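In: give the three-dimensional model of this entry:
(6 chains, ligands or ions: 30)
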Amino acid sequence: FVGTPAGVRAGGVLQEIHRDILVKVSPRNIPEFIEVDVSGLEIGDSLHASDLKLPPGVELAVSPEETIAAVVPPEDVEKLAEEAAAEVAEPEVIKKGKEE
Amino acid sequence: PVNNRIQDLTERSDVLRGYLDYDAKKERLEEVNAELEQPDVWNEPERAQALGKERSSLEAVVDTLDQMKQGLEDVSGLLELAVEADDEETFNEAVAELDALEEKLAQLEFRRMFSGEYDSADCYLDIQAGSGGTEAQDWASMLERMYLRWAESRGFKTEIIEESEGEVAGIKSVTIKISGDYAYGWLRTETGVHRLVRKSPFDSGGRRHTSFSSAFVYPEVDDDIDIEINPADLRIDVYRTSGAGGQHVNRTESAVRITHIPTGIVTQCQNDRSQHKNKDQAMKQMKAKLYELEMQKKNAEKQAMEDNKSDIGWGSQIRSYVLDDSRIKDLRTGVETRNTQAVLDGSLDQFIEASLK
Amino acid sequence: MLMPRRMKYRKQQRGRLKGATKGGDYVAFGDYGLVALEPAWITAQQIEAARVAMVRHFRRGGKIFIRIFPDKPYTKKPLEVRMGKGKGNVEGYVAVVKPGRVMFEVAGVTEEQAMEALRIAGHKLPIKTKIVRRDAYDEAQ
RNA sequence: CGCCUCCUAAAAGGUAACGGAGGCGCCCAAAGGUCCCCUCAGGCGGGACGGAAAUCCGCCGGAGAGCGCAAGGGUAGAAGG
RNA sequence: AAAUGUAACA
RNA sequence: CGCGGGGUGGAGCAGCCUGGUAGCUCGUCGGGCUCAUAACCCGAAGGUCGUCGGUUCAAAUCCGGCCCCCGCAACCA
Ligand SMILES: [Mg+2]
Ligand SMILES: [Mg+2]
Ligand SMILES: [Mg+2]
Ligand SMILES: [Mg+2]
Ligand SMILES: [Mg+2]
Ligand SMILES: [Mg+2]
Ligand SMILES: [Mg+2]
Ligand SMILES: [Mg+2]
Ligand SMILES: [Mg+2]
Ligand SMILES: [Mg+2]
Ligand SMILES: [Mg+2]
Ligand SMILES: [Mg+2]
Ligand SMILES: [Mg+2]
Ligand SMILES: [Mg+2]
Ligand SMILES: [Mg+2]
Ligand SMILES: [Mg+2]
Ligand SMILES: [Mg+2]
Ligand SMILES: [Mg+2]
Ligand SMILES: [Mg+2]
Ligand SMILES: [Mg+2]
Ligand SMILES: [Mg+2]
Ligand SMILES: [Mg+2]
Ligand SMILES: [Mg+2]
Ligand SMILES: [Mg+2]
Ligand SMILES: [Mg+2]
Ligand SMILES: [Mg+2]
Ligand SMILES: [Mg+2]
Ligand SMILES: [Mg+2]
Ligand SMILES: [Mg+2]
Ligand SMILES: [Mg+2]
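Out: Numbering: from 1, shown residues only, chains lettered A, B, ... in the order given. Ligands and ions are numbered 1, 2, ... in the order given. Have a look at this structure:
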């Protein structure tokens, strides 16, 4: 993942969903990596296997819809307060019998 | 049209020099610059910190007013330096000037309203009839209308919480939520008994009568009296009951006594047989008794207000609505508008702005 | 805090804590992880205390992944009743944790930060833990 | 407090506790017999009143519908219409 | 068979 | 903790048990009578049926869980 995402500069986190990608390729032809330019990602943008520039002779073996990288908001103490005073509704029990 | 707006920046700035007293604060500023000037003044720095923080407390007055008489005067010479040379950039560059000092003077006008703890909470207006009766209940309804049209012409929300209409004609009392921005600052200088001298319509032969009604104004608090019970301050004793039970009661420590340490409140329970039924119950009773003290505090502060809250009576007042010679006088600052049925429309800005000194 | 939003059954037998984890034994998201060394019921209280400890160490930044979740209702009878008269009331919920499970997992954070945060989080838990970082063994899973 | 379904019950059967959950004390003259014929729910598109859902058209569809009522088992190569 | 009208009459 | 009864406009109650339809009184609002107010007369408005879920084609109503309210019981040592 080449580049520093601009979301990272804004305080975000680069979540590396895939650190490798599945591929059909010749053994004589195995690349060492595949670069991906993530510097354009904000919070919260995402890259997909379709966005992969592939080198010659290598051929994507997952769905291009597969998400590979995303930039997510950070962990923040200013939120703790609301989460502590957040009240939870007690769990509902799924009805059985003449109650469905 | 632009030198009319310098004409006004010199108007709000002069009686701004009146309550601030440039004459009485250019004085005090100098022997604090003198005390703090000799090298022994960081000897008990408590003495020092109050004065160096005072010094800009007075240099946000003295020297800020010192950039208003020089600043405006270098504005009015640069805008004549743009008319007679046809230089329109000397007049955009002496207007970017009038937008900067229109804020240092706006900032110095928040010594009127930025001094009152919470002068921003959505306040409540508590209007009451008074001396006279029917006439004053009429005047009471007139005076709610007056503050309602006021609050609309000022961006507030006209939110009526509680009424009670009078039985002959009018209102005995009303409470409005003035839901708006900085609302308490404006309407706290409206607290008082409004006398209405007037000419009366309910008296048969048409006699001239006086009738009073009040306006009391307060802000909004947390209004939450649900203090949590924390085990750091409860001491719970356990011992035997005092009546029937048998080899039980004798031979079992079923009775509990919970005593809140800082308050001194004690409480027992012996009703049941388990000390945990009793520890349960005494926790309830102990909750409720500190819910009753924290109640007694709040009511105590309320009665302190009530007994310090005028009387809506003769010689207890702040205004004339002598509508038989068309005046409305605020005996407190005190101004004299002659356009009476324009005050009832909501021109209260007049009195308010001059009453915040 | 964490609990199922709804369920087919309110109460659940206690079961048992035999063996190593069924799954979730490898780092799957973040850069480092906190792995359980001994079995326990981890309450939702303990999970939340660990989480808050970690965000409160990161202060701002990073990303925490909680990979266990308390769906098992914990039950207890009212104080000083006798045995019998039905099963106790649901008082809280727990996540069943067995040796080898990656409970928490952090990313977007330096190595000393991750080490320290996961340590402090480990002190909030009723079991011995171990700090791990992502490996090729993890990647190969 | 008797009866039915599921779990606890440790892969035959059976198996307890004031263990965890629900039902029954009816009903149907067709909701029964036998011949013959037919196939669902749902999703997507189209379509006067007309809607999330009335009926209609088309395409996608092994059963997730239905089987009077709890649950389980079974079931369109019918037990369903 | 049916209530009431305060508070500043030269 | 137990048993069983309730929560429905601004207020107090009816409606449930044998499900589809929420009513009465006071109040509130507009109009009249009066010099004016009350009283009276004419017309009008007004309810997430405590919440979550859901029985059924369909719930204020039927059946569970929680939440406040009321009554009773809590004994033998
Ligand atoms: Mg005694
Ligand atoms: Mg003893
Ligand atoms: Mg004893
Ligand atoms: Mg007029
Ligand atoms: Mg057990
Ligand atoms: Mg298991
Ligand atoms: Mg435990
Ligand atoms: Mg337990
Ligand atoms: Mg006992
Ligand atoms: Mg038991
Ligand atoms: Mg229990
Ligand atoms: Mg617990
Ligand atoms: Mg586990
Ligand atoms: Mg530990
Ligand atoms: Mg796997
Ligand atoms: Mg068995
Ligand atoms: Mg079995
Ligand atoms: Mg068996
Ligand atoms: Mg066996
Ligand atoms: Mg046999
Ligand atoms: Mg039964
Ligand atoms: Mg037939
Ligand atoms: Mg036939
Ligand atoms: Mg269809
Ligand atoms: Mg359609
Ligand atoms: Mg249509
Ligand atoms: Mg249609
Ligand atoms: Mg079926
Ligand atoms: Mg049934
Ligand atoms: Mg006896």
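In: state the distance from residue B:129 to residue B:147.
Out: Computed with C-beta to C-beta, to the nearest Å, the distance linking residue B:129 and residue B:147 is 15 Å. All C-beta spots, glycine's among them, are computed from the backbone N, C-alpha and C.
In: out of the two, which sits in the busier spot?
Out: Neighbours were tallied for residue B:129 and for residue B:147 using other C-beta atoms under 10 Å in any protein chain shown; the higher tally belongs to residue B:129 (27 against 22).
In: run through the residues that contact the more buried one.
Out: Neighbouring residues of residue B:129 by C-beta atoms under 8 Å, 6 or more residues apart in numbering or on different chains: B:136-137, B:139-140, B:166, B:170-173, B:213, B:312.
In: need those in a markdown table (columns: secondary structure and distance to RNA strand D).
Out: Shown next, in a markdown table, are those (DSSP: H, G, I helix; E, B strand; the rest coil; distance: C-beta to the nearest atom of the strand, whole Å):
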| residue | secondary structure | distance to RNA strand D |
| --- | --- | --- |
| B:136 | helix | 57 |
| B:137 | helix | 52 |
| B:139 | helix | 55 |
| B:140 | helix | 52 |
| B:166 | coil | 50 |
| B:170 | coil | 50 |
| B:171 | strand | 48 |
| B:172 | strand | 50 |
| B:173 | strand | 48 |
| B:213 | strand | 55 |
| B:312 | coil | 58 |
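In: among those residues, which one sits closest to residue C:139?
Out: Minimum distance to residue C:139 across the contacts of residue B:129 is 75.8 Å, recorded for residue B:173 (C-beta to C-beta).
In: partners of the closest one in the sheet?
Out: residue B:128, residue B:164 (DSSP bridges).
In: that one: how many residues sit nearby?
Out: Close neighbours of residue B:173, defined as other C-beta under 10 Å, add up to 18.
In: what count of nearby residues applies to the residue in chain C positioned nearest to chain A?
Out: With C-beta to the nearest C-beta, the shortest gap between chain C and chain A falls at residue C:108, namely 3.3 Å. Residue C:108: 24 surrounding residues under other C-beta under 10 Å.
In: what residues are up against the closest residue to it other than its chain neighbours?
Out: Leaving aside its chain neighbours, residue C:108 sits nearest to residue A:13 (3.3 Å; criterion: C-beta to C-beta, 6 or more residues apart in numbering or on different chains). Going by C-beta under 8 Å, 6+ apart, residue A:13 touches A:71-74, C:61-63, C:107-108.
In: recalculate using a threshold of 6 Å.
Out: Residues counted as contacts of residue A:13 (C-beta atoms under 6 Å, 6 or more residues apart in numbering or on different chains) are A:72, A:74, C:63, C:108.
In: now the strands for chain B?
Out: Here chain B has its strands, by DSSP state E, at B:123-128, B:157-165, B:171-179, B:192-199, B:208-218, B:234-239, B:255-260, B:266-269, B:319-320, B:328-330, B:336-337.
In: of those strands, which approaches ligand 12 most closely?
Out: Among those, the nearest to ligand 12 by C-beta to the ion is strand B:234-239 (23.0 Å).
In: which positions within that closest one qualify as buried?
Out: By 16 or more other C-beta atoms under 10 Å in any protein chain shown, the buried positions in strand B:234-239 come out as residue B:234.
In: that's all I had, so thanks and see you.
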